[PDB]
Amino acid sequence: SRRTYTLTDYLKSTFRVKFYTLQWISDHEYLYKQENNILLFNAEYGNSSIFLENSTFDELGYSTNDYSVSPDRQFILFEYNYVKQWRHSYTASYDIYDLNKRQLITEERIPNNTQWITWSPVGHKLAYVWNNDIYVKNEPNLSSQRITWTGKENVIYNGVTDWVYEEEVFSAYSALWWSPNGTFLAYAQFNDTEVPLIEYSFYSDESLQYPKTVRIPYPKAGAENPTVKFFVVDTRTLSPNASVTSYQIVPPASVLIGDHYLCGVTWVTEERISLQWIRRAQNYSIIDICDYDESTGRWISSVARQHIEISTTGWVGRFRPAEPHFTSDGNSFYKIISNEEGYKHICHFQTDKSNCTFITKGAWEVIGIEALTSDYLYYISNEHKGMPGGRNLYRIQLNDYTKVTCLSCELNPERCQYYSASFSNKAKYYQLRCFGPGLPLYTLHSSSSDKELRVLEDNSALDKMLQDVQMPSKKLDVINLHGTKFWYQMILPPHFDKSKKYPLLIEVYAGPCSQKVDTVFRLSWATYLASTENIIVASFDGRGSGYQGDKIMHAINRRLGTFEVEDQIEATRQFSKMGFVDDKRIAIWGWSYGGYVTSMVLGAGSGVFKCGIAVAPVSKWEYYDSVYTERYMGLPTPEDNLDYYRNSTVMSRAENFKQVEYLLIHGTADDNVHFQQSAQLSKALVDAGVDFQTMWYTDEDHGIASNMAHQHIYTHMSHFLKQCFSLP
């Protein structure tokens, strides 16, 4: 008979996809967590030794969720008492374990509620953030040293990002940067004094008699932004009775004239640091390469070492300007910029010269630079087969730009089209990470021989379970939209027959620079909808989508909610034409940006879609943060782009919702897309006399990722989808 992939199968994750997380600690060695044992593996041969046994964790008393070994391998840092804040930020407790005398350190411990901690890149020094201030510990058993004194809740952040820099700029909580040999500690300071607060109720545990108000400094579009300062601290002079030796690096004049962001930091040498700034407008970026002056302790900038990157058609980079990758000596660097054809490729910059040489070109894009030696450059691109939803590792010879070899293209062509890589310290070995379209495959390689050393994880146990089950098929193809090639995928039910008519669900994100259509293997909600419920789940990457050139990406510049929404409709019209698609039962669903598109599509009046589900959607762009919104939309002033802000709200299309069956879902504790967004939307539908369904989730944030809520939302969305599709 054969069982199908059920909703319970996804929700409880009975079909476990395995992975291989390793941590490179040398040119040939890496650590790997195996049944809570830390094993030190050797790449050269394959032999492993016990670095830390599992019994060491058992005698700690607490459950350890993360560990971090010092580069000198003398000490390890144990992370416990994990408390999540935002997407990347969290607070935790930390213990240091001596590996020499196999004992715990109990004096001068890392304080509880620590916001960030990191080892220096050499030895066993520590830098940590507590109460918005930076502390440095030279020795694990010695007293720490306070570096900053300005730390203040919701106001001053030293060494860690505020809300907006975490989500939109750094994609991390950390704002600390040790110099390669630990001489210097660089950090950013964020000032949120003038940033307005978003407030919302957190109800907490049932026992809480009164709800509390969460207050976050969150700059909405056009609002007052956080200011930033950058300091380099000399850690050589750090001493109990000495002042902190620090130098403030200010941005170049062309950026200093207005509101700006610090978007990147790269340590070049011990005496050379690179800083990436961007204007508030985000179409003008500058790299400032600053040199340490030994006699004054200053970090000097010069116009010769300043490198401008602009965009005339839109914004710079994907979500941020691409990071510079410096040579060992630091006299030149390699960086992804847009070329003349509007395709993102690797350009070779000299540190004190303004012109660069492109080392890659074509109707495809370099995703990122992975590694660099004096002879080779390793990078990821979507060049292979001309499919942008694919990823491969490429190696280009530095002395001869023509010699470019693909190290992952032909290893497993059918099974593996989507690759990521992780290199050892001097790029002597690399782990390859296959993500699809077949079962994820983890392999280790040598860089000298290009040979596959061994299989680390092939997910054979997963293959054993999947042959028992009625798996759906994932087909990737292309269609024509307004004279432009655009990619799409379809999750097709098992025993797919083109005579029978199937209902259609459009799974959308369609955000700027994003990619919904790729060759990644995923056990998803759509997996169950095709397998058990026999629904076609299709996804489409139209205008505004990334990895296909500036032309396609910058198409929605200053006009969010237009082309990317219109293309979702037109592509579905094309899907509905196909004989196997029931035009009576067509739905659309999306998360966050996907929810906004879903809503805008459902407010279009296209008649194409019968129903849709929007989860935690943006409803009005003035409600979303400055960095993300202004990037694509500019400022919401009549002097700028207010007109396009006004006619891109979902509320402006409230009238057209009367035809469709709408499900609006939002978490009340959403710090990202605030509950306000769905609240104001629902109010405009109530006002318009539109009937629709709603679902709030108490104390859930943007991910609605708590176990029971995750279970509930998909259960509830399935019921709504089945009711709309008249499915038993």
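Here, rigid core means the biggest group of C-alpha atoms that superpose within 1.5 Å across both forms. We number the residues from 1 along the sequence you see.
Problem - More variable segment, 491 to 499 or 564 to 572 [Cα RMS over structures in 6 other deposited structures of this protein, core-superposed] - result: Comparing 491 to 499 with 564 to 572, the larger C-alpha deviation in 6 other deposited structures of this protein belongs to 491 to 499.
Problem - RMS CA shift, core-fitted in 6 other deposited structures of this protein, bigger for 53 to 61 or for 671 to 679 - result: Looking at 53 to 61 versus 671 to 679 in 6 other deposited structures of this protein, the farther one turns out to be 53 to 61.
Exercise for the section: May I ask you to compare 99 to 107 and 226 to 234 by their mean CA B factor in the entry and name the higher one? Expected result: Going by the record's values, the stretch with the higher mean is 99 to 107.
Handout entry: Segment of higher mean CA temperature factor, 157 to 165 or 396 to 404
Key = Higher mean C-alpha B-factor: 396 to 404.
Handout entry: Candidate residues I286, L197, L453, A127, the one whose C-alpha B factor the record puts highest
Key = Max CA B-factor in the entry, restricted to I286, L197, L453, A127: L453.
Problem - Largest Cα B-factor, entry values, listed residues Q189, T183, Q489, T118 - result: Highest C-alpha B-factor among the listed options: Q489.
Practice task
Rank-wise, by C-alpha B-factor, drop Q676 into the lowest, middle or highest third of its chain.
Solution key: As the PDB entry reports it, the C-alpha B-factor of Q676 lands in the lowest third of its chain.
Exercise for the section: Pull the Cα B-factor of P240 out of the PDB entry and bin it into the chain's lowest, middle or highest third. Expected result: As the PDB entry reports it, the C-alpha B-factor of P240 lands in the lowest third of its chain.
Problem - Ranked against its chain, the third holding the CA B-factor of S539 - result: According to the entry, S539 has a C-alpha B-factor in the chain's middle third.
Practice task
Comparing against every modelled residue in the chain, figure out the third that the C-alpha B-factor of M553 lands in (lowest, middle or highest).
Solution key: Tercile = middle for this residue's CA B-factor.
Problem - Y203 CA temperature factor, ranked by third within the chain - result: Bottom third by C-alpha B-factor.
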